[PDB]
Amino acid sequence: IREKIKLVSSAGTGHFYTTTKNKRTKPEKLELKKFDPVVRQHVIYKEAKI
Amino acid sequence: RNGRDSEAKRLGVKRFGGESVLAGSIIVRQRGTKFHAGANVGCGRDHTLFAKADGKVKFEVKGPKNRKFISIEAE
Amino acid sequence: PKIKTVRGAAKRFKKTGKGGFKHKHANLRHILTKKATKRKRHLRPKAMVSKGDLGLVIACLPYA
RNA sequence: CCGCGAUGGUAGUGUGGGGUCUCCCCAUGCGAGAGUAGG
RNA sequence: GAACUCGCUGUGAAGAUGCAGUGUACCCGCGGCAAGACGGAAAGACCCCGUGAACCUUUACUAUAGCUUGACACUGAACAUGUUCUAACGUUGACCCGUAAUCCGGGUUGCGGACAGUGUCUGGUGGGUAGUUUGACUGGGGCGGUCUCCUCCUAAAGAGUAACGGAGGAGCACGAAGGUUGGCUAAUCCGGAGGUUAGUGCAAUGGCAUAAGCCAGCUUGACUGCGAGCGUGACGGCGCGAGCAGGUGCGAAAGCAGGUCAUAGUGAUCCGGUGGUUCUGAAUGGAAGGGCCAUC
RNA sequence: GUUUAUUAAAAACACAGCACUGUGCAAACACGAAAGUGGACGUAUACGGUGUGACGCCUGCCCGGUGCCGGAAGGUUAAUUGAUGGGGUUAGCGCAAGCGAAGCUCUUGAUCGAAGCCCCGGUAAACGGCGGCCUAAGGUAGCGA
RNA sequence: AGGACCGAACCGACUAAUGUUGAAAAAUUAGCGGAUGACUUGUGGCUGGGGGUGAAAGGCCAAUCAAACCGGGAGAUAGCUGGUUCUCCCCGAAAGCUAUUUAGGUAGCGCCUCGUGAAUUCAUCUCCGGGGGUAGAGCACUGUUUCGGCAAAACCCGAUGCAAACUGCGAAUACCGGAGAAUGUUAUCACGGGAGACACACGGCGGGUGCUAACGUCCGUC
RNA sequence: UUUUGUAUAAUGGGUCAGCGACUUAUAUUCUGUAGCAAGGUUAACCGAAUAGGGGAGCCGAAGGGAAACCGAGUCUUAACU
RNA sequence: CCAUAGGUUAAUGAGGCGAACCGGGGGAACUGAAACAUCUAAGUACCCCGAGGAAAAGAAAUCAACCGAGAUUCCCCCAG
Ligand SMILES: [K+]
Ligand SMILES: [K+]
Ligand SMILES: [K+]
Ligand SMILES: [K+]
Ligand SMILES: [K+]
Ligand SMILES: [K+]
Ligand SMILES: [K+]
Ligand SMILES: [K+]
Ligand SMILES: [K+]
Ligand SMILES: [K+]
Ligand SMILES: [K+]
Ligand SMILES: [K+]
Ligand SMILES: [K+]
Ligand SMILES: [K+]
Ligand SMILES: [K+]
Ligand SMILES: [K+]
Ligand SMILES: [K+]
Ligand SMILES: [K+]
Ligand SMILES: [K+]
Ligand SMILES: [K+]
Ligand SMILES: [K+]
Ligand SMILES: [K+]
Ligand SMILES: [Mg+2]
Ligand SMILES: [Mg+2]
Ligand SMILES: [Mg+2]
Ligand SMILES: [Mg+2]
Ligand SMILES: [Mg+2]
Ligand SMILES: [Mg+2]
Ligand SMILES: [Mg+2]
Ligand SMILES: [Mg+2]
Ligand SMILES: [Mg+2]
Ligand SMILES: [Mg+2]
Ligand SMILES: [Mg+2]
Ligand SMILES: [Mg+2]
Ligand SMILES: [Mg+2]
Ligand SMILES: [Mg+2]
Ligand SMILES: [Mg+2]
Ligand SMILES: [Mg+2]
Ligand SMILES: [Mg+2]
Ligand SMILES: [Mg+2]
Ligand SMILES: [Mg+2]
Ligand SMILES: [Mg+2]
Ligand SMILES: [Mg+2]
Ligand SMILES: [Mg+2]
Ligand SMILES: [Mg+2]
Ligand SMILES: [Mg+2]
Ligand SMILES: [Mg+2]
Ligand SMILES: [Mg+2]
Ligand SMILES: [Mg+2]
Ligand SMILES: [Mg+2]
Ligand SMILES: [Mg+2]
Ligand SMILES: [Mg+2]
Ligand SMILES: [Mg+2]
Ligand SMILES: [Mg+2]
Ligand SMILES: [Mg+2]
Ligand SMILES: [Mg+2]
Ligand SMILES: [Mg+2]
Ligand SMILES: [Mg+2]
Ligand SMILES: [Mg+2]
Ligand SMILES: [Mg+2]
Ligand SMILES: [Mg+2]
Ligand SMILES: [Mg+2]
Ligand SMILES: [Mg+2]
Ligand SMILES: [Mg+2]
Ligand SMILES: [Mg+2]
Ligand SMILES: [Mg+2]
Ligand SMILES: [Mg+2]
Ligand SMILES: [Mg+2]
Ligand SMILES: [Mg+2]
Ligand SMILES: [Mg+2]
Ligand SMILES: [Mg+2]
Ligand SMILES: [Mg+2]
Ligand SMILES: [Mg+2]
Ligand SMILES: [Mg+2]
Ligand SMILES: [Mg+2]
Ligand SMILES: [Mg+2]
Ligand SMILES: [Mg+2]
Ligand SMILES: [Mg+2]
Ligand SMILES: [Mg+2]
Ligand SMILES: [Mg+2]
Ligand SMILES: [Mg+2]
Ligand SMILES: [Mg+2]
Ligand SMILES: [Mg+2]
Ligand SMILES: [Mg+2]
Ligand SMILES: [Mg+2]
Ligand SMILES: [Mg+2]
Ligand SMILES: [Mg+2]
Ligand SMILES: [Mg+2]
Ligand SMILES: [Mg+2]
């Protein structure tokens, strides 16, 4: 029932993490500061489709 | 309705008292802290106790609860 | 006649300097989200074929 | 550092041997737990 | 197979002429009888097994002859967005000739007529026909049950250890239920007693007050690259891990943080999809395709 | 009458009779890549297929399932056709980044499109079915250890 | 008149006995059915193998039929059964684990052999350092159990037992590590050439299962 | 012979004589042995030539990396303690 | 109607057989994949037609890689 999602870098590098989410309970977009290894900085990552 | 079991996990003491170990060496695999980490011993996420220094394994019973601690006596 | 290479084996093993074989690790094709980064990181570099398996690989690759 | 305990006997048991062999016994080695005196 | 080929009671691959013990027995035919030589005959037909066969069945799978659909071709002419026409084509109507011929061909004529029919393509139907598949474990097989993973016991105080042995669980959940700092301590009984007898996101076991249980604030370390050393596996693999580099959160700082108290919550390879990429690019520049990294 | 030549002669097969169904003649159907041939020098009082099995009295209810027959509005749907969009290449335009006509080319697949299927009816001497509130309908006549 | 009747020839084949290395690879003997018919028989012809023909038994198609015979593909394939031929010398298994459309097959590992290399490498004993939760024991815990007392018969207390999935205790042994001597043809480990084996059996000890039944069955260990 | 195990009442053989089953080709690896040695060796073919010619090739003397590429290093990574 | 079909005669050639090799028209299955259907066996076996001492192929709408080669056939390499 938890669905796979991409977290996509806001730095425009195309780097992404993957995780899961319960979209029924939590329909709002997951946003987290995560390390982008391309630019080598912590930047905001935002949910997108897998 | 029976007939099931899980794979045996090879837990237990890997290096006994007085054994010379290198840093990183696993001393005990266990479920929870049946043994506790003394001097120069770390505790992994699965409660594995491992040597953080080269030396000899030492088991000891200390504290008010009378708990089994494992330490490394550095060589 | 000439021995035929097992062509599937030639696509998966390469002979090293001292005559061992390197291969790519299994488990890094798909179902990757659930796997820890540590596990995947350790599966990235190539590994050597184990002693038990060398006989099987050598038989498959007579012109390695 | 982390709030009990002899002595003696008993139970068990390694090795060797034996019986009436579901269980015991003998030789030898190891020897509790509980309890008792006491602390 | 060779025999100098008795009975009995035992023994023994467990129903003995051949072993043990013992009893009986002069040597050899002939006629008879069938209790035994697990007598002769036939590499058991029953039964099971082999990833054997054959033939049969069907709403098993995949095909396929046949049947059927339409498109294009052979196939044309007048308006309608209707029919009519004749010249293709059909004729297993008539007559004529080759001809001594109910074949065939040619001719004449009637009828039908761009229809029918055939080719290629195409949807349907298709045990009519064909090739095959139709698991294993199992106190015989079948029926039932089971097949991977976790916990306990069996398990003989290291590890491991079987049975269609005894008992239960999993195929997830959670952007907080994760990280850190500070704060807090239960069940139950009648403010007190009691002390974890509660709690753990979910089985069981081992853990947990320094709490791992529980609350609040601030957060994204549920980081990226690596990794001394070690555990566990036949292997594929799986696990634990200080420390190093970069960048981060919390805290005053020491420090802690590479998910969660731990142990289930899983699927190799192939084939392909998506994004990225100081790689490759079949004359050359590109591109396609391939590689590599991330992911499905 | 027929049958398992060689372990079965029968209650099995056949049978006259009955019914359903196909078939308009270049018949259906069968043998045949085909030409043809059988059906038949027959023509629906005929011919093929299927079931039943002289005769007598009879042959009930169910069309939901599967088949067959009829329908043809609607949905779905092949080849075919190739609208539209996206990409590759490059004449140029740009100081460079890039942009980029025509052509060629890779891809996308609007529109067109029959039968079938879904769908609407019929049909049991079609395959079949014929109850303890439920069904398509609950076994009639006759017969019955 | 008649798929009418009785009955020879003729055509069949219901019963019995015989025969069964036969007189005979289907008959003989005594009886039996049809015997003007959907009869029987001579000669010749036609139908051909997934084919024929069948008043239908899978019957028949040359002593052959759920797919004829002959030749060919052809030495099909056979994880199955059988068999495998002179001599001496040295060493010497396994019947286990893991996986398997696997289970009487096979693969890696274990165990055998040959070669090469290498450490006081290995074993026994003694001493030293270790972790145990078994045997036994026990009843605080988790359950179970009996008696008395006490009392909302609960609870609590005293007394008595029981436990693979109980442990406020806890051996012997076994196992890991260290040190030391003696002994042992390196007995050890690694790498490489060649395997076989993966049906085990009984006996002792510790157990599950079964009835502490089985020359039973399933583990551990000798 | 097959088996846990066979005097076995499990298998096979009436006897004798003759025949009757690990081969052959090519490739590949390891061992022994011989030659030459940082080299070794030629194939087809030519040659009357077991000679001699023929070095096309093949193996080796360098590896690392998917690859470009670098090279006693190289790959990994922004970079390695 | 001309004619054409048709008829008769003459001349010339063919026909049939044969072991392999050769070109062409058709074309299996067992088997292997430890089952099996794609795939394999294999364009093999086999059937058929045609030829010759040989047949077939053959004088680039071929390769190559910016350097060049120069029809076809066969052998050794390239290379499992
Ligand atoms: K260790
Ligand atoms: K005797
Ligand atoms: K007898
Ligand atoms: K006409
Ligand atoms: K037409
Ligand atoms: K069993
Ligand atoms: K049994
Ligand atoms: K850090
Ligand atoms: K009869
Ligand atoms: K109906
Ligand atoms: K363009
Ligand atoms: K046949
Ligand atoms: K094996
Ligand atoms: K060896
Ligand atoms: K035993
Ligand atoms: K046997
Ligand atoms: K026998
Ligand atoms: K060799
Ligand atoms: K050599
Ligand atoms: K290095
Ligand atoms: K096949
Ligand atoms: K096979
Ligand atoms: Mg187990
Ligand atoms: Mg367990
Ligand atoms: Mg990938
Ligand atoms: Mg004492
Ligand atoms: Mg004591
Ligand atoms: Mg006897
Ligand atoms: Mg006599
Ligand atoms: Mg007699
Ligand atoms: Mg017999
Ligand atoms: Mg047999
Ligand atoms: Mg048409
Ligand atoms: Mg069919
Ligand atoms: Mg079939
Ligand atoms: Mg086949
Ligand atoms: Mg089959
Ligand atoms: Mg079975
Ligand atoms: Mg244990
Ligand atoms: Mg033990
Ligand atoms: Mg074992
Ligand atoms: Mg076992
Ligand atoms: Mg088990
Ligand atoms: Mg390391
Ligand atoms: Mg594919
Ligand atoms: Mg190019
Ligand atoms: Mg090109
Ligand atoms: Mg790409
Ligand atoms: Mg009669
Ligand atoms: Mg008969
Ligand atoms: Mg008879
Ligand atoms: Mg006709
Ligand atoms: Mg009837
Ligand atoms: Mg339609
Ligand atoms: Mg009706
Ligand atoms: Mg009635
Ligand atoms: Mg009569
Ligand atoms: Mg007869
Ligand atoms: Mg007679
Ligand atoms: Mg009569
Ligand atoms: Mg008569
Ligand atoms: Mg039958
Ligand atoms: Mg016959
Ligand atoms: Mg057949
Ligand atoms: Mg063959
Ligand atoms: Mg054979
Ligand atoms: Mg010996
Ligand atoms: Mg496993
Ligand atoms: Mg006990
Ligand atoms: Mg216990
Ligand atoms: Mg020792
Ligand atoms: Mg086996
Ligand atoms: Mg076994
Ligand atoms: Mg067994
Ligand atoms: Mg055993
Ligand atoms: Mg026993
Ligand atoms: Mg037994
Ligand atoms: Mg027994
Ligand atoms: Mg036996
Ligand atoms: Mg014997
Ligand atoms: Mg005998
Ligand atoms: Mg015998
Ligand atoms: Mg036998
Ligand atoms: Mg015999
Ligand atoms: Mg290189
Ligand atoms: Mg096969
Ligand atoms: Mg000639
Ligand atoms: Mg020529
Ligand atoms: Mg030029």
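In what follows, every chain begins at residue 1, and chains take the letters A, B, ... in the order their sequences are listed. Only heavy atoms go into these numbers, but all of them, side chains included; no hydrogens, no water, no symmetry mates.
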Under a 4.0 Å threshold between the charged nitrogen and the carboxylate oxygen, would A:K46 count as salt-bridged to A:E31? no
Sugar-phosphate only, base, or nothing, as touched by C:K40 at under 4.0 Å among non-hydrogen atoms: sugar-phosphate
Taking Watson-Crick (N1-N3 plus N6-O4 or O6-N4) and G-U wobble (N1-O2, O6-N3), each under 3.5 Å, can you produce the dot-bracket string of RNA chain D? Use [ ] for crossing pairs and | for inter-strand ones. ...(.......((((((((...)))))))).......).
Does the ring centre of B:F35 sit less than 6.0 Å away from the ring centre of B:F69? no
Looking only at side-chain atoms of C:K35, point me to the closest of E:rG160, E:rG267, E:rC230. E:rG267
Please give, in whole Å, the distance from G:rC189 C1' to C:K51 NZ? 13 Å
Between the protein and nucleotides 66-71 of chain H, are there any N/O to N/O pairs under 3.5 Å, and if so, what are the atom names and distances?
unit_1	atom_1	unit_2	atom_2	d
H:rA66	OP1	C:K46	NZ	2.7
H:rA66	OP2	C:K22	NZ	2.7

Can you tell me if the side-chain N/O atoms of C:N27 get under 4.0 Å from OP1 or OP2 in E:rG236? no
Per B:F50 side chain, nearest of listed nucleotides E:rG241, G:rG177, E:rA268: E:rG241
From C-beta outward on B:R45, which listed nucleotide comes closest to its side chain: E:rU260, E:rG225, E:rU220? E:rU260
Atom-to-atom span, CD1 of A:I44 to P of E:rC223 - whole angstrom: 19 Å
Would you kindly give the CD1-to-P distance between C:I58 and G:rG194, to the nearest whole Å? 11 Å
Of the listed E:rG247, E:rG175, E:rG229, the closest approach to the B:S25 side chain comes from E:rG229
To the nearest Å, give me how far apart NZ (B:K68) and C1' (G:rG131) are. 10 Å
For C:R41, report the nucleic acid contact type (base, sugar-phosphate, nothing); a contact means any heavy atom under 4.0 Å. base
5' priority, RNA chain H, between C:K18 and C:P1 [closest heavy atom]: C:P1
Is any side-chain N or O of B:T33 under 3.5 Å from a base N or O of E:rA212, one able to act as donor and the other as acceptor? yes
Which of E:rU269, E:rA209, E:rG227 is nearest the side chain of C:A26? It is E:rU269
Within the structure, does a side-chain N or O atom of C:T33 lie under 4.0 Å from either OP1 or OP2 of E:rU295? no
Determine whether a donor-acceptor pair (one donor, one acceptor, N or O, separation below 3.5 Å) exists between the side chain of B:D5 and the base of E:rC153. yes
From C1'-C2'-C3'-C4' alone, north or south for the sugar of E:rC150? north
North or south for the sugar of F:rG17? Use the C1'-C2'-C3'-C4' sign convention, positive meaning north. north
To the nearest Å, give me how far apart NZ (B:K65) and P (G:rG168) are. 16 Å
Looking at C:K34, I'd like to know whether one of its side-chain N or O atoms comes within less than 4.0 Å of OP1 or OP2 on E:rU266. yes
Tell me which nucleotide among E:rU263, E:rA209, E:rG225 gets nearest to the side chain of B:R67. E:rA209
Trace of the side chain to side chain contact (heavy atoms under 4.5 Å, CB included) decision for C:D53 with C:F21: CA-CA 10 Å; C:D53 298 311; C:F21 290 85; over 6 Å; no
Spacing of C:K2 atom NZ relative to H:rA43 atom P, expressed in whole Å: 17 Å
Let's see if you can work this out: which of E:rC240, H:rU28, E:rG237 has an atom nearest to the side-chain heavy atoms of C:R39? E:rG237
Report yes or no: do F:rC58 and F:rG132 constitute a Watson-Crick or wobble pair with both atom distances shorter than 3.5 Å? no
Is there a stack between A:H15 and E:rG275, judged by ring centres under 5.5 Å and planes under 30°? no
Now, which nucleotide makes the Watson-Crick or G-U wobble pair with E:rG182, with each of the two distances under 3.5 Å? E:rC215
Measuring to OP1 and OP2 of E:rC150, would you say a side-chain N or O of B:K9 lies under 4.0 angstrom away? yes
So, does C:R44 get its side chain near the phosphate of E:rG225, meaning an N or O under 4.0 Å from OP1 or OP2? yes
State the sugar conformation of E:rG258 as north or south, using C1'-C2'-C3'-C4' as the deciding torsion. south
